[PDB]
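Each chain, written out:
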Amino acid sequence: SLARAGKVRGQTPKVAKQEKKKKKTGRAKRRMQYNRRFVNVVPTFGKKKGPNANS
Amino acid sequence: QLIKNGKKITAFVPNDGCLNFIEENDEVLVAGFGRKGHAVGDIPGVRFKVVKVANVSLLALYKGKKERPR
Amino acid sequence: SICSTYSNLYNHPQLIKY
Amino acid sequence: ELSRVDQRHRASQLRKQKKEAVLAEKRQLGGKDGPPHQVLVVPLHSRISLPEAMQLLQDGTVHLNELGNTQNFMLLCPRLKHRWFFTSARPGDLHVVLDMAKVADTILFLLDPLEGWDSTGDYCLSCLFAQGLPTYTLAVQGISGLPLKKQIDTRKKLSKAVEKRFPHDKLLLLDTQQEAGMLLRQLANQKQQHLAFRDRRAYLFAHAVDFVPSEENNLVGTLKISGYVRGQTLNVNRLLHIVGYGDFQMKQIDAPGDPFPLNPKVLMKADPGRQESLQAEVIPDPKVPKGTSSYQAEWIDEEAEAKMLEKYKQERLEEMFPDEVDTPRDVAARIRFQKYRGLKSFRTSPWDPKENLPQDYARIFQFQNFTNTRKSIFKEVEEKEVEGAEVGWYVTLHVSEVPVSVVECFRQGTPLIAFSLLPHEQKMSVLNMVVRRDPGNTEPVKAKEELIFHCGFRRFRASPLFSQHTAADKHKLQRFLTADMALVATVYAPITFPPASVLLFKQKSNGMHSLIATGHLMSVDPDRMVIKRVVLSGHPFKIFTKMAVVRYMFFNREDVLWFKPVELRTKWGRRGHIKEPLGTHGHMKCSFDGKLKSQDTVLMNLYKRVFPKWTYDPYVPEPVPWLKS
RNA sequence: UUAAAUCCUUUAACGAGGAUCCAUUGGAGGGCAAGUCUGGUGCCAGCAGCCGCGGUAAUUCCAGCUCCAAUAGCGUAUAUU
RNA sequence: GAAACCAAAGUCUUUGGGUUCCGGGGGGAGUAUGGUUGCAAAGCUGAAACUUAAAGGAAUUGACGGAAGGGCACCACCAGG
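Parameters at a glance
- Residues numbered from 1 in each chain as written, not as in the entry; some residues may be left out.
- Chains lettered and ligands numbered in written order.
- Part of a larger assembly, values for the part shown.
- Heavy atoms only, no water.
- Residues with missing side-chain atoms left out of burial classes, pairs and counts.
- Patch = residues over 30% accessible without salt bridge, like charges linked within 9 Å, V, L, I, M, F, W, Y side chains within 5 Å.
- Areas by Shrake-Rupley, 256 points an atom, 1.4 Å probe, with all protein chains shown as cover.
- Salt bridge = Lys/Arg side-chain N within 4 Å of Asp/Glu carboxyl O.
- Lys, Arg positive; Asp, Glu negative; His and termini not counted.
- Charge placed at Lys NZ, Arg CZ, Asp CG, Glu CD.
- Helix = DSSP H or I, 4+ residues; strand = E, 2+ residues; numbered from the N terminus.
- Buried < 20%, exposed > 50% of the residue type's maximum accessible area, 1.4 Å probe, protein only.
- Arc of directions from axis to C-beta.
- Contact = heavy atoms within 4.5 Å.
- Near = heavy atom within 4 Å.
- Polar contact = N/O pair within 3.5 Å; in protein donor to acceptor, adjacent residues only side chain to side chain.
- Nonpolar A, V, L, I, M, F, W, Y, C, P; charged D, E, K, R; others polar.
- Core = buried A, V, L, I, M, F, W, Y, C linked by side-chain atoms within 4.5 Å.
- Pairing = 2+ DSSP bridges.
- Axes fitted to C-alpha atoms, helices over the stretch in contact; angles between N-to-C directions.
- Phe/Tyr/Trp six-rings, centres within 6.5 Å; stacked < 30°, edge-to-face > 60°.
- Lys NZ or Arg CZ within 6 Å of the ring centre and 35° of its normal.

In terms of determination method and resolution, the entry is listed under cryo-EM at 3.3 Å.

Engineer: Requested: an account of a positive patch on the surface, with residues and values cited.
Structural biologist: Residues and elements named next belong to chain A. On the surface, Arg9, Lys14, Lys17, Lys20, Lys23, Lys29, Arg30, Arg36 and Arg37 cluster together into a positively charged patch. It is helix α2 (residues 27-37) that provides the largest number of residues to the positive patch, a total of four residues. By the secondary structure assignment, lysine 23 is in the loop between α1 (7-11) and α2. Residue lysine 23 is classed as exposed on the basis of its relative accessible area of 70%.

Engineer: Let's hear about helix α2 (residues 50-58) of chain D: which residues, and what values?
Structural biologist: All names here are of chain D. All buried positions along α2 are accounted for by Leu50, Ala53, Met54, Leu56 and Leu57. Seen along its axis, α2 keeps its buried residues to an arc of 165 degrees; they face one direction. α2 presents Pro51 and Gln55 as exposed residues on the side facing more than 90 degrees away from its buried surface.

Engineer: Account for the arrangement of the chains, with residues named and values stated.
Structural biologist: Take the four pairs of chains in contact: the one carrying the most contacts is chains C and D. Regarding chain A and chain C, which are not in contact, the minimum distance between any of their C-alpha atoms is 25 Å. In this structure chain B stays clear of chain C, and the shortest span between their C-alpha atoms is 24 Å.

Engineer: Please provide a residue-by-residue account of a nonpolar patch on the surface, values included.
Structural biologist: On the surface, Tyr34(A), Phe38(A) and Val39(A) cluster together into a nonpolar patch covering about 360 Å² of accessible area. Topologically, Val39(A) is positioned in the segment after α2.

Engineer: How would you explain the protein's contact with RNA strand E if you had to name every residue and give the values?
Structural biologist: Taken together, 51 residues sit near RNA strand E, with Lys7(A), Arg9(A), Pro14(B), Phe33(B) and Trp572(D) positioned nearest. Protein-adjacent atoms of RNA strand E, using a 4 Å cutoff, are sugar or phosphate at a proportion of 76%. In this structure, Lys29(A) approaches RNA strand E through a side-chain N or O atom, which is 3.0 Å from a base oxygen. Counting only elements with at least two residues in the surface near RNA strand E, the list comes to α1 and α2 of chain A together with β2 (28-32) and α1 (58-62) of chain B. No other element matches the five residues that α2(A) contributes to the surface near RNA strand E. Here the surface near RNA strand E is built from residues that sort into 17 nonpolar, 15 polar and 19 charged.

Engineer: So, the nonpolar core: which residues are in play, and what are the values?
Structural biologist: Among soluble globular proteins, nonpolar side chains are generally buried collectively. Residues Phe109(D), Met433(D) and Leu504(D) are the most contacted members of the largest nonpolar core, which totals 84 residues. Ignoring any residue separated from it by four or fewer positions in sequence, one finds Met433(D) in contact with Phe453(D), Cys455(D), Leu487(D), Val488(D), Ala489(D), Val491(D), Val502(D), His520(D), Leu521(D) and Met522(D).

Engineer: Any details on the sheet that holds strand β17 (residues 428-437) of chain D? Residues and values, ideally.
Structural biologist: All names here are of chain D. Ordered in space as β19-β18-β23-β24-β17-β22-β20, the seven strands form an open sheet in which the pairing is antiparallel. In the strand order of this sheet, the two ends are held by β19 (459-462) and β20 (465-468), each with one partner. Direction aside, the axes of adjacent strands within the sheet are offset by 35 degrees on average. Sheet topology note: the strand β23 (residues 501-507)/strand β24 (residues 513-521) ladder contains seven bridges and is antiparallel. Within the sheet, the bridge partner assigned to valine 502 lies in β24 and is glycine 519. Across the sheet, helix α4 (residues 119-131) is in contact with β23 and β24; its angle to β23 comes to roughly 145 degrees.

Engineer: Quick rundown of the packing of aromatic side chains? Include the residues and the values.
Structural biologist: All names here are of chain D. Scanning the model with the defined rule gives 26 aromatic pairs over all chains in all. A connected cluster of aromatic rings, assembled from ring pairs, spans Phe109, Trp117, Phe129, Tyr136 and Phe166. Its guanidinium or amino end placed over the ring of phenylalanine 378, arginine 200 lies 4.0 Å from that ring's centre, counting from NZ or CZ. Here the guanidinium or amino end of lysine 597 rests over the ring plane of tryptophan 572, the centre of that ring lying 4.0 Å away.

Engineer: Summarise the sheet that holds strand β12 (residues 250-255) of chain D; cite the residues concerned and give the values.
Structural biologist: The pairing of strands in a sheet happens through backbone hydrogen bonds and is either parallel or antiparallel. Residue and element names in this part refer to chain D. Strands sit in the order β11-β10-β16-β8-β9-β15-β12-β13 across an open sheet of eight strands; the sheet is antiparallel. Of all the strands in the sheet, just β11 (246-248) and β13 (266-270) have a single pairing partner and so form its edges. Mean inter-strand twist for the sheet, computed between neighbouring axes without regard to direction, equals 35 degrees. Of the pairings in the sheet, the one linking strand β8 (residues 202-215) to strand β9 (residues 220-229) comprises 10 bridges and is antiparallel in character. Bridged to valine 212 within β9 is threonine 222.

Engineer: Mind laying out the pattern of salt bridges, listing which residues take part and the relevant values?
Structural biologist: Residues and elements named next belong to chain D. The tally for this structure, following the rule as stated, stands at 23 salt bridges over all chains. In this structure, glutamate 425 and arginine 201 form a salt bridge, with 3.0 Å as the shortest nitrogen-oxygen distance. You'll find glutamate 425 and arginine 201 in the same group, each marked buried. Here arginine 341 makes a salt bridge to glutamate 355, at a shortest N to O gap of 2.4 Å. Separated by 14 residues along the polypeptide, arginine 341 in the loop between α10 (333-336) and β14 (365-367) and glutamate 355 in the loop between α10 and β14 bring together distant segments of the chain. Taken together, the shared-partner salt bridges in this structure form one network comprising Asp323, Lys476, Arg479 and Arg533.

Engineer: Outline the interface of chain D and chain C, supporting the account with residue identities and numerical values.
Structural biologist: By convention, interface size is frequently given as the accessible area that disappears when the constituent parts associate. In this complex, chain D contributes 23 residues to the contact, which on the side of chain C involves 15 residues. By residue class, the composition of the side of chain D that touches chain C is 11 nonpolar, eight polar and four charged. Relative to β14(D), strand β1 (residues 14-16) of chain C is paired through three bridges, and the arrangement is parallel. Each bridged residue has a counterpart across the sheet, and for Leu15(C) the counterpart in β14(D) is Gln366(D).

Engineer: How would you summarise unusual backbone geometry if you had to cite specific residues and measurements?
Structural biologist: Here the amide bond leading from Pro498(D) into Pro499(D) is cis, since omega sits at 5 degrees, within 30 degrees of zero. The backbone of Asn55(B) shows a phi angle near 65 degrees, a positive value even though the residue is not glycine. The residue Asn55(B) is located in the loop between β3 (48-53) and β4 (56-57) in this model. What makes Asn55(B) partly exposed here is its relative accessible area of 46%. One non-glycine residue with positive phi stands out, namely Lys546(D), at about 75 degrees.

Engineer: Please set out the pairing of β13(D) residue by residue, giving values where relevant.
Structural biologist: Along any regular strand the residues' side chains alternate between the sheet's two faces. All names here are of chain D. With respect to burial, β13 is a largely exposed element, only zero of its five residues being buried. Examined bridge by bridge, β12 and β13 share four bridges and lie antiparallel to one another. Residue pairing across strands places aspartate 254 opposite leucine 267, the latter belonging to β13.

Engineer: Could you give an account of the environment of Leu317(D), with specific residues and numbers?
Structural biologist: All names here are of chain D. Note on placement: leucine 317 falls in helix α9 (residues 302-319). Residue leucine 317 is classed as partly exposed on the basis of its relative accessible area of 48%. Separated by 282 residues in the primary sequence, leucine 317 and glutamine 599 place their C-alpha atoms 21 Å from one another.

What follows is the structure, given as structure tokens:
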């Protein structure tokens, strides 16, 4: 009774990944992190927007 | 059934579709769940989980990184 | 005559007994 | 247990038991009493020259046997007290490799130093992995013919490249004869990987083949196959199957002298008539006025490419929409879907397994209790001893009825093996085999396509059915072979006992076999129901509270009345049923548990039982060497 | 350099434009840092050390994008503190 | 002091007057076994495997009462049409 194995993994639509430019790695990534949170700061009255905050 | 002592135990195969990689009379490497002898979460009476099936890992088979012999 | 059928049970394979 | 000396005594007793079992297991193979140690050799890359490794590996005493193309030899030494039979096989050649690697005790893979393996080597290695690996030894050829600064880096890069297929295994290089002796000593003492299908039947490798024709015109004669028994005790009354040429009965077994003894004519048995198994693959027994109307009378080359792209579009419309088949507006729906019925739930709704069976099941065999019969047969194989020829004996087999061309194949270079079957194995049944798709090929495959099967020492063309691998009584038909799903192929075939490895190939073009699927054999029974589902879609175009008027699902009025007892479901999760048709066209009233969206779509599921086609034939064409495009 | 070599160090020549000489391992409800995003599934498959998520809008599943942590390292099991 | 309460249940992170017994999440279980005493009943000492995300202690409000009292209505009754 019931007991499917791998129903949804094999049943989900297969979408290939997009091709984007490579990320900076190492000290360059830490530089890009630093000048995003502490250098080009945006004035906000309550700071209600996160980094991944969408809609 | 374990080799070194002969005990019968039950191991939970973690991910979806990973059960099809295990066959009867296959050599498996098994580790615990993490609570050191305690049944973990939703599964009653199971202390263990499968790590390797036929000398390749379940994670490599799940991600399609390796093929298993038989 | 909507979802009704007769479906007689015929021509079964020969089985090897135990 | 306590009492430390008694605990150590228990440990010593367990040590002695395990040591006795291991030493008993290791005496059976490659020695004075046992059969010769068969070692097959595959060079994975095309740059590797196999004859150089073979003249490096031959030197004890060698006996250079020969064939039409292949050159395999017999090795004997009393220094290691060991007896070998070395054979060669080339990758890409599906026939030879897959036919005689299923009898070798040890496989030796050869790897070129610079790259890991060729594409043909990868294809052959995937087939060998999927068919069942014996004990394998990795070896390389061109390491010592390099500068040392390049030698160390080449070994490092090669060990990096190997790890994706063989996770952790040592590499033994062959350039000198001393290295060959070390490799021979390594192959003499190895942890043997025991393959079950070899062990539960009685297989044989043909060391010499003779033909005595009864009549030249009939092209039929007696085979004399001489070789070493390696499986179980070989019984004359059992049938014999040659892997590429079918199953048929034997006549006589005799024992000549051993041509290759480690430390240096009479017949054993002839077949009785009654006790011999009968070769029968199938069942033997098959008043009104002139003008008034009824309304008032109630008061009284590129075609294959186009088909391939059509198959691609069909597979694309099968995955993004699972089983929706359009209702034809020319034919009435109750006529085209006459044999389809509605199930309340696919798991719990009853369906008689013997309800409406085709005439093809009147030609096959069923098992009353397959597990019990398998257990009894295996118990009679292992626990019982039969008066036939034991393993390790050099015997000659007189087999009554064979075609001539098989002998011709043995003179072309193709290897010949023959295995004695289990009882009730020549009969035909419906094999259910669980298979998953190999990522090497991406060709779309429908349900009843014609595919070539390698199901455990058997090869046959067949048209399977693909189903979900569930635990319920009913299993839904899969119209296409999905890549990540593990599916069940259901097809008519001679019945064999698990465990058995299963390979699914497809004839691509120019005799090139493409590996499309692999897996193993599940329990065999024709009672495993395969259900084809057809989904009819309709559009709810007048929405009120809890009820709606739906069009385009049918087009007649009696078509709605025919499918009235079948309930409708909804892509947004609603459940309902048809109340009444209103239009003379396919307009109908449907009640639901909730209110339908304007964005919504009603749909119903119809179910029928489908049975596989009878396209079984043991003949399979010989593959050409495999190559990439 | 060294018994003789290898490696390190020193120096001839060739050797960098992003489809490259391309960095991963885990996670994104809370504990605990980072999505009420989109598609599929529908107490099923599954996730989840714990609390809990999934029975048709799933912040927790399977995937795409994005984001977070450590980083040539990151997980999991076990003993111990 | 968690509090109800307590001149002790105080002189406690400003923690040391002497000393005896005894507890370590809830079950298994005061169970099995062993020893000992008893005519017996049983008393004393006393586990493990396994199971479980809880069990409890103090107080704070009051849906719901099959708890009780009053009041109102010819969309309730009485006498009637």
